């Protein structure tokens, strides 16, 4: 028994309305439950048995459907609705969940605040060298981060991590770390972090010079 959830991702401006689709391979009567999952939090039951809402859940949340097709609609999405949504089946064993839907809140375009950090003398002592770049409080999530060493673009030893959407201001932050051996770090002078983002035609550049 396979549960197929669509769309996988959703981008909603506040005030706007959305609906999630949950599909079962075979009829599951009304044995379908809905959950919400916020960042660093456990799932929570939104609607049980296709359409029965739970005490304390906003009326904006309305589950529908029977047999093979179920919906979860949300009227006038609030900033607080962001996160992950899952449908679950309790008709047959094993119980299954849908792939989930990541609901994102749309907001005003925000340019990132880029900061560059050279390697600390403590990491250099151990024979390693990380060049760290922080790109904080930007919207939309899509951002292209590149590393240039003496002008030549580099991807080996680059690792990125995006935070989940911020609860208070719906922005995103991201961290880009370029890791190289100490010996290799000492072979080059300029280290730059380049961020291409929809908030400017020209990328944002942050530079450090080992020679200065």
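Positions refer to the first chain, counted from 1.
Remark: stretch with higher mean C-alpha B factor among 25-33 and 61-69 is 25-33.
Mean CA temperature factor is higher for 93-101 when stretches 70-78 and 93-101 are set side by side in the entry. The PDB entry assigns its highest CA temperature factor, among 48, 168, 44, 182, to 168.
The deposited CA B-factor of residue 177 belongs to the lowest third of values across its chain. In the deposited entry, the Cα temperature factor of residue 119 places it in the lowest third of its chain's modelled residues. Among the modelled residues of the chain, residue 203 sits in the highest third by CA temperature factor in this PDB entry. The entry lists a Cα temperature factor for residue 19 that places it in the middle third of the chain's modelled residues. Among the modelled residues of its chain, residue 88 has a C-alpha B-factor that falls in the middle third according to the deposited record.
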